[PDB]
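Single chain ahead, written as structure tokens, the form deposited in one PDB entry.
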């Protein structure tokens, strides 16, 4: 167990009670460094380990598609943890008040949580730190190489972060030890009732079409830790050989479809890398898939961790801020409102088809995700308005939304973060441009539009 994966958030006197794992980002029992580190400290203190999850008040800012996907995986996780004699407690409310009350009520000895560079997680950490007196640690269980160890600053390009991450792969790319169960079972509400009351509160804002029928189709991705492993096994056996050649074709289902599991932490990215590395397939396809799940995935955490305003215009590179400022007063071809973007009522059938795939499946194709956001910048009144519209529609309808990948992905498309300067155009400036005619020369756009009417 590498001590470089764990950081100390607050020092204090350790109590004589159970070690608490404040689970948040990595919702899984297997291949979880944060849960394994909590079990090791629990063994050294001759005390059991407990898992605590907080059902926050911000769930109403999303939809039923994310609430059901997360809770149905937590129901399976509670059974998995119970088989390891590890009790799980699901609190409802503010993490600042619930975690502080749980630590005092249960005589917690040490508090451990997983790492997340998002602003809302740092908001919870500041509140919990102010209300506890026991040691507080955090463990990077989402990245193969810890986010604070891969780079000590913001990396402006993938060609500068790739050699840093690959040089540390021989040290941090390792097999996971088995989660040892608690020696004996130690001393809030049923998740089925929390799911029923939560869905009832989200029903008035459910995405529907004109026939009052729901738009979301929940049979595309089954939630859970067991279903995540089956999707990974199917990708290595059926789709990994053709990933390098068909990853940019939205008409082909050649992607791994692992992002909804990778977002909620239902499967470990280090586990996927370990199985892909030992798989015999196309070397160009393995290099392309490892460049997405390792470089681009962990450089998104590096972008959110070293840029406080990762969701703002100030985080864009200087060349892009100067270019977008010089074209602020350019007359846009079209100006669509948030409701017109949300309903897919633009003049572009390819953009509307990309929005319908987002509304119906909760997972838009990776290639169309770039064209979907770059047209928001082209058809908005300002780059700041384009950021708000792109972040709103991403976090609301994408099953993998509210993720550092989404913010770093939106920043790449609109602000050119981790990109270079291209030919200077009007409105968009030197930001990389994606045209409708360019997509037609890359894939069958007519089949993608007809699939999502």
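Residue numbers count along the first chain shown, from 1. Only the largest set of C-alpha atoms that superpose within 1.5 Å between the two forms is called the rigid core.
Heads up, the form deposited in another entry isn't pictured, but that's what we're talking about next.
- Superposing the rigid core between this form and the one not shown leaves a single residue from 209, 331, 79, 335 with a C-alpha shift of at least 2 Å: 209.
- A displacement of 2 angstroms or greater separates the C-alpha positions of residue 200 between this form and the one not shown, with the rigid core held in common.
- A movement of the C-alpha atom of residue 61 reaching 2 angstroms or beyond is seen between this form and the one not shown when the two forms are aligned on their rigid core.
- In the other entry, the CA atoms of residue 394 and residue 195 sit farther apart than in the displayed form, by at least 3 angstroms.
- The pair residue 223 and residue 199 is tighter in the other entry: their Cα-Cα distance falls by no less than 3 Å compared with this form.
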